[PDB]
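Student: Residues in the sequence shown are numbered from 2 upward in steps of one, following the numbering used here. Every residue, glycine too, gets a C-beta built ideally from N, C-alpha and C.
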Amino acid sequence: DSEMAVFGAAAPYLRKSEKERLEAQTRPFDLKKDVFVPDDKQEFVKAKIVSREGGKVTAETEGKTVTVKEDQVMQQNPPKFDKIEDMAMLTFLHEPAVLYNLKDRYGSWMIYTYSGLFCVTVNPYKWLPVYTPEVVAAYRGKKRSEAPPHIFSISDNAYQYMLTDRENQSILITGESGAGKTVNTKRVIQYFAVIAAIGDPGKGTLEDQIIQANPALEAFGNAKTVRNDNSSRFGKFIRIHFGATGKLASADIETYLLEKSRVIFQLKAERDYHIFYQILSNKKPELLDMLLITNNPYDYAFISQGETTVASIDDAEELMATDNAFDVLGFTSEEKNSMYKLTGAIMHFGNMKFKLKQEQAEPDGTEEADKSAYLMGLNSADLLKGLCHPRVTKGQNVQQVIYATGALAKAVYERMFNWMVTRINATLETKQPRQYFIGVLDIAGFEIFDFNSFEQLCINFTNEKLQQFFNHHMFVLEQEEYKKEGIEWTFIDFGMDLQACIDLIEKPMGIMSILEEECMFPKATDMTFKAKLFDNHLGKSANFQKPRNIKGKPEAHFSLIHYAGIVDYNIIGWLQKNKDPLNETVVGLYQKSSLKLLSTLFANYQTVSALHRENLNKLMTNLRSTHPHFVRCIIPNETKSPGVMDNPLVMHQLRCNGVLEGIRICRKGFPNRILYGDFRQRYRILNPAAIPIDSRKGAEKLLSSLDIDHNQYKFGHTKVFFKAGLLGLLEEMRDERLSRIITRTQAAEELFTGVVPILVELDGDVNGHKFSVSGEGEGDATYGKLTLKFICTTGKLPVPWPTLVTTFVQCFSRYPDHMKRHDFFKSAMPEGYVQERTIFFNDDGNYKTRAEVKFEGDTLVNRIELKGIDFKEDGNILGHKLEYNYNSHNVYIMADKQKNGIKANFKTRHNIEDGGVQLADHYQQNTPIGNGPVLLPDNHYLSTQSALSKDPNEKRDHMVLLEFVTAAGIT
Numbered sequence: 002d003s004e005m006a007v008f009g010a011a012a013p014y015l016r017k018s019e020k021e022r023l024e025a026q027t028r029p030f031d032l033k034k035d036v037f038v039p040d041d042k043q044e045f046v047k048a049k050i051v052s053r054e055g056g057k058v059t060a061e062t063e064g065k066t067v068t069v070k071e072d073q074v075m076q077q078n079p080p081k082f083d084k085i086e087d088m089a090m091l092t093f094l095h096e097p098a099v100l101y102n103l104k105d106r107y108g109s110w111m112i113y114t115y116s117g118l119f120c121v122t123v124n125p126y127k128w129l130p131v132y133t134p135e136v137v138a139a140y141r142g143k144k145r146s147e148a149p150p151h152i153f154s155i156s157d158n159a160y161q162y163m164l165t166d167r168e169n170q171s172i173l174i175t176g177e178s179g180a181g182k183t184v185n186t187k188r189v190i191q192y193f194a195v196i197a198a199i200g201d202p203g204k205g206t207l208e209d210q211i212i213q214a215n216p217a218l219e220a221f222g223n224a225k226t227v228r229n230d231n232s233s234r235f236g237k238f239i240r241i242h243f244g245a246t247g248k249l250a251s252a253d254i255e256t257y258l259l260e261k262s263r264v265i266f267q268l269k270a271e272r273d274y275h276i277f278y279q280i281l282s283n284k285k286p287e288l289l290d291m292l293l294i295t296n297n298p299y300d301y302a303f304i305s306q307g308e309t310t311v312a313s314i315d316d317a318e319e320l321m322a323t324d325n326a327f328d329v330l331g332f333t334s335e336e337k338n339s340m341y342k343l344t345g346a347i348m349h350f351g352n353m354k355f356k357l358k359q360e361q362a363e364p365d366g367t368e369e370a371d372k373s374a375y376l377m378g379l380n381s382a383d384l385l386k387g388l389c390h391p392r393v394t395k396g397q398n399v400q401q402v403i404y405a406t407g408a409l410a411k412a413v414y415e416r417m418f419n420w421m422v423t424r425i426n427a428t429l430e431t432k433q434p435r436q437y438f439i440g441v442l443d444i445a446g447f448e449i450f451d452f453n454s455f456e457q458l459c460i461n462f463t464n465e466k467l468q469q470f471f472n473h474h475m476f477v478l479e480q481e482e483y484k485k486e487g488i489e490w491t492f493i494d495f496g497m498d499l500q501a502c503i504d505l506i507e508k509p510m511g512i513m514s515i516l517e518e519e520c521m522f523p524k525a526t527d528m529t530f531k532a533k534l535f536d537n538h539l540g541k542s543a544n545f546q547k548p549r550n551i552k553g554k555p556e557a558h559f560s561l562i563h564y565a566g567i568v569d570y571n572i573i574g575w576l577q578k579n580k581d582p583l584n585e586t587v588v589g590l591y592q593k594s595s596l597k598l599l600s601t602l603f604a605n606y607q608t609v610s611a612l613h614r615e616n617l618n619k620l621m622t623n624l625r626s627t628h629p630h631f632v633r634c635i636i637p638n639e640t641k642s643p644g645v646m647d648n649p650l651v652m653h654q655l656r657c658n659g660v661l662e663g664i665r666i667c668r669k670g671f672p673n674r675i676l677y678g679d680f681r682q683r684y685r686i687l688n689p690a691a692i693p694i695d696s697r698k699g700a701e702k703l704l705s706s707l708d709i710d711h712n713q714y715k716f717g718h719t720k721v722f723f724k725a726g727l728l729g730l731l732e733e734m735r736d737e738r739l740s741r742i743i744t745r746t747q748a749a750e751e752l753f754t755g756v757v758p759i760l761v762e763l764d765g766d767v768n769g770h771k772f773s774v775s776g777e778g779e780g781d782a783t784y785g786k787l788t789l790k791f792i793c794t795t796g797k798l799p800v801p802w803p804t805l806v807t808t809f810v811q812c813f814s815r816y817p818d819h820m821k822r823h824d825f826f827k828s829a830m831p832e833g834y835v836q837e838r839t840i841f842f843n844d845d846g847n848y849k850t851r852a853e854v855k856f857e858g859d860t861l862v863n864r865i866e867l868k869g870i871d872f873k874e875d876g877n878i879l880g881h882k883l884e885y886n887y888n889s890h891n892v893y894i895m896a897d898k899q900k901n902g903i904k905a906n907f908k909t910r911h912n913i914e915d916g917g918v919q920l921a922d923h924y925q926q927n928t929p930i931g932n933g934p935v936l937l938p939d940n941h942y943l944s945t946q947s948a949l950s951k952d953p954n955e956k957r958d959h960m961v962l963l964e965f966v967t968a969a970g971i972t
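1. Return yes when the Cβ of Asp527 is within less than 8 Å of the Cβ of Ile572, no when it is not.
2. Run through the DSSP bridge pairs and tell me what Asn169 is partnered with.
3. Whose C-alpha, out of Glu208, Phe462, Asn102, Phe723, is nearest the C-alpha of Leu330?
4. Which residues in the same chain have their Cβ closer than 7 Å to the Cβ of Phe722, if we skip the five residues on either side of it in sequence?
5. Assuming the contact rule is C-beta atoms closer than 8 Å, residue 978 and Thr428 should be a hit. Round their C-beta distance to whole Å, please.
6. Per DSSP, what are the beta-bridge partners of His242 in this structure?
7. Expressed to the nearest angstrom, what Euclidean distance is found between the alpha-carbon atoms of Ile212 and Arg656?
8. Ignore the nearest five residues each way along the sequence and tell me which others in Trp110's own chain have a CB closer than 6 Å to its CB.
9. Answer yes or no: do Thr62 and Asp40 have a C-beta to C-beta separation smaller than 8 Å?
10. Does the separation of the CB atoms of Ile174 and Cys459 fall below 8 Å?
11. Who pairs with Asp35 in a beta bridge, going by DSSP?
12. Please classify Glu24 as buried or exposed, where buried requires at least 16 neighbouring CB atoms within 10 angstroms.
13. Within the same chain, show all residues whose beta-carbon is closer than 8 Å to that of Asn584, passing over the 5 residues directly before and after it, in chain order.
14. My guess is that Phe327 and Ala217 are in contact by the Cβ rule of under 8 Å, so how many angstroms apart are they, rounded?
15. Between the beta-carbon of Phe872 and the beta-carbon of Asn768, is there less than 8 Å?
16. DSSP puts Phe559 in a beta bridge; with which residues?
17. Kindly give me the distance between the Cβ atoms of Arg745 and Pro953, rounded to whole angstroms, as I take these residues to be in contact under 8 Å.
18. Residue range of the alpha helix (DSSP H) that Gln279 falls in?
19. Whose C-beta lies closer than 6 Å to the C-beta of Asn231 among residues of the same chain, with five residues either side of it excluded?
20. Relative to the alpha-carbon of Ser947, which residue among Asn940, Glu955, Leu962 has its alpha-carbon at the smallest distance?
21. Can you tell which of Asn843, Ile870, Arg957 has its C-alpha closest to the C-alpha of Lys908?
22. Can you list, in chain order, the residues of its chain whose CB lies under 6 Å from that of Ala905, leaving out five sequence neighbours each side?
23. For chain D, is any of its Cβ atoms less than 8 Å away from the one on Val195?
24. Let's see if you can read the secondary structure: which residues bound the alpha helix (DSSP H) around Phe303?
25. Quick check: the Cα distance between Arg28 and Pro80, rounded to an integer number of angstroms?
26. Can at least three beta-carbon pairs, one atom from the segment 233 to 241 and one from the segment 361 to 381, be found at a separation below 8 Å?
27. Using a threshold of 8 Å, state whether the C-beta atoms of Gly200 and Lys144 are closer than that.
28. Report the option in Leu320, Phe462, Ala180 whose CA atom is closest to the CA atom of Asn616.
29. Rounded C-beta distance between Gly902 and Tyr834? I'm assuming under 8 Å.
30. On the criterion of 16 or more Cβ atoms from any shown chain inside 10 Å, does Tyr848 qualify as buried, or is it exposed?
31. Should the segment 619 to 633 be regarded as contacting the segment 87 to 100, the criterion being three or more beta carbon pairs within less than 8 Å?
32. Which residue from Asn102, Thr206, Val757 puts its Cα closest to that of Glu777?
33. Is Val58 helix, strand or coil by DSSP?
34. Would you mind giving the Cβ-Cβ distance between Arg822 and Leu707, rounded to the nearest angstrom? I have them listed as a contact below 8 Å.
35. In angstroms, rounded to a whole number, what distance separates the CA positions of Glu762 and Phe772?
36. Is any non-hydrogen atom of the ligand MG found closer than 7 Å to the C-beta of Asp230, if you look at the structure I gave you?
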């Protein structure tokens, strides 16, 4: 792990040490027991299978015991994949696998995780030392596969792809509220400002301006939500333009879907936008005097709802940062305080009261309505008249003017915010030459609420369009993969899967098209539009369905089937929100005001649904001209606590974003891909047909021999493509094979666990000479020790004793614990094995050996018949010229079909008195008896050495043998 040395103190937060990892790579884990089961609360939990029978599986939750069917059970990932950096390398790509992998890494303070193309980021809720300049330098020029998962890797590769491939780039960042989208957004942009190069109104360099654009817009665009204290309530797509080298040229920012509900309304724990509470901090009192505003925020109804102060946010310090943000962005003294006046004018707009005069509804007095007219530069007389009596002159009551004041407040704030970003863009444009650009996108991801209205439809439609942009891109990279690997695979485009849902929205006579039509008819309501929806799509459009009873609150009017799931939408109010009605008399007064800003952003003045279509189309147009890079943000919990993850919450996001979507669309083809070399090493034990010789030709024969579907895999170069549930079967058979091995090696070891007596009986006949030899003694397998004493019962032995050592129980050989599965001899017992030899002596005769080595009671018996032919009475054999020794020589063991057993070929050098050259060529064959399950070892050798002695107290011709045998060859 010397590679993590360059990361310094960021190392333990990016990748665990080889010490800590290897301890997790080898932890207690068993297949078909430790699995995933669906829970009622956490939706997915780890469990250990107790008893599976009758189609029902019984296990114990990580304590409760549950009983589910055998369709919900999901195998866990081995410890080898523990906290993996790329989940695309996992063997199991089901939901709890992806969920827990993120859960494990986040528990080890490891935020970033790769999933195919996605860069899954989890909200840390703590400070990490991983954003130091040392780390930035550590990621320069490094490819994604050459460094730990990090957000820097995405933005760096985007910059390099821009220069290498000469094509535009785009980084898409999605997620729910409080997932840290804007945090990652600023990290990416700031990164680019450091990455260089430098080309060539506003103060300072371009790097400063692009960065200083954030604290300016967040003042008017961000607010304190339940999920996040500084949450942006608007989409953003900033295009950062570069040169050919490339150097920073220019930038342009575009916003999306700013919720106007915030300025006039906030929830219970939430509050209004930051800009309001910043001015009231009295950090610079000249604003309050200019705006005619007190200190207490509770004196203004538009911002008095819910909480007024945030613990983490210092509105005093943020006010200065807000002010300084505009000065850097080249905002004149006039433009600055004009925005404050309009912001302060809205605060007075909500304090306007109205009453009835028995209805025309006349104002409840001049009060603070005069202050609002001063800041906006109005008449205060023509204002309240047009506000109550719009125009051909109509009349409104107290409830209709309380909406007009609110709607106008939303109009001012939005068109001011939109004017703000356009003024910013002006300073971000330079005459400096441009070549490519990088688009950084952050829009609130797909999300299903209990109450889904028109606002949710706009967002869920955008993400529907953005997800297809991914599915198509994935489909391209997939086709590029299968084709260049040599696999003929054809399937329809993955983006077409979402086309049906999109056509229901944007296409003519669609949900949006009907809404735009119904807004053209004044004689209408929510009922007429709802009825027109069902009459057009229910039955024709499959994605349009009946609303489901949520058995709670509230109730919707229709359902829509997206890629993430099914959403129930509430229609009440859609007609009004779409065309967005405004008091055109007051708007007319806005066009003619002393304040130039108010009259500027209200010039001209077409529906929201049609407007969003215009913005999304140019967004998709840009994106399709870029190299897409996808970043997914995940929020752990609502308690804002680091290190912990709520399973149902995380699973919701994973189903919403393209993470699980990208997995299922890749499953359609061949997801699991293994190299030929790694395939041999892993799945050879299943069937040794690969032999100890090509990987390409061997992988074919290994799979073709197995009882397997030959259509669930395709051969390539140099990789083997597998199906989804195919590789899960291979591992299932592999572990089942290992269980068979370990239990047999245990049984074979049982028979030779200690000292076992040995009886050897030989009836030989060489060159007509008859003789009989009877041997006895003991042997120990664990030590590899063998002690015997052979005694000829017919008198003097016709042949020299050292020539019978070979034919005189390799089952007492010492096998090491790592080679204990290569012990064929012990595996044959107690059934025993037939041993056959054929000894060849140079310039002499030969031996014929057939021995039955089996267990007869407590003692191991070796009964052998020997038959020698030819030879000479004056030769080395039958002449006793050989010495009394046997030295040491290894015996190479080879096992091969058929009839199981093994085969051996080894040379033997007996010593003569004068000379010392006498070669003996041995050819051995072994075969188990009485069938039964018998092991079969690989190519290994036995290290043998024999010590021959004599007993001076024995009258008969004899031989005392003491030999040591130990196996070796493999590890």
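Tutor: Well, looking at it:
1. Cβ distance < 8 Å, so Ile572 and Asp527 count as in contact.
2. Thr627
3. Closest option to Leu330, Cα to Cα, is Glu208.
4. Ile488, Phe671, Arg674, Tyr714, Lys715
5. The displayed coordinates of the chain run from 2 to 972. Any statement about residue 978 would go beyond what the structure contains.
6. Its beta-bridge partners are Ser251, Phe438.
7. 33 Å
8. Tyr14
9. yes
10. no
11. Per DSSP, the beta bridge partners of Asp35 are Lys49.
12. exposed
13. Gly387, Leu388, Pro391, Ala405, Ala408, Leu409
14. 6 Å
15. yes
16. BP columns for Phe559 point to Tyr570.
17. Not confirmed; about 45 Å, so no contact.
18. 275 to 280
19. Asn223
20. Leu962
21. Considering only alpha carbons, the answer is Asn843.
22. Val892, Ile894, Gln925
23. This model lacks chain D altogether, as it is built from one protein chain only.
24. 302 to 305
25. 7 Å
26. No, the segment 233 to 241 is not in contact with the segment 361 to 381.
27. With contacts defined as CB atoms closer than 8 Å, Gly200 and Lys144 fail to qualify as a contacting pair.
28. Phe462
29. 7 Å
30. buried
31. no
32. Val757
33. strand
34. No, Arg822 and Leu707 are not in contact; Cβ-Cβ is about 21 Å, not under 8 Å.
35. 11 Å
36. Ligands in the displayed structure: none, and consequently the ligand MG is not present.
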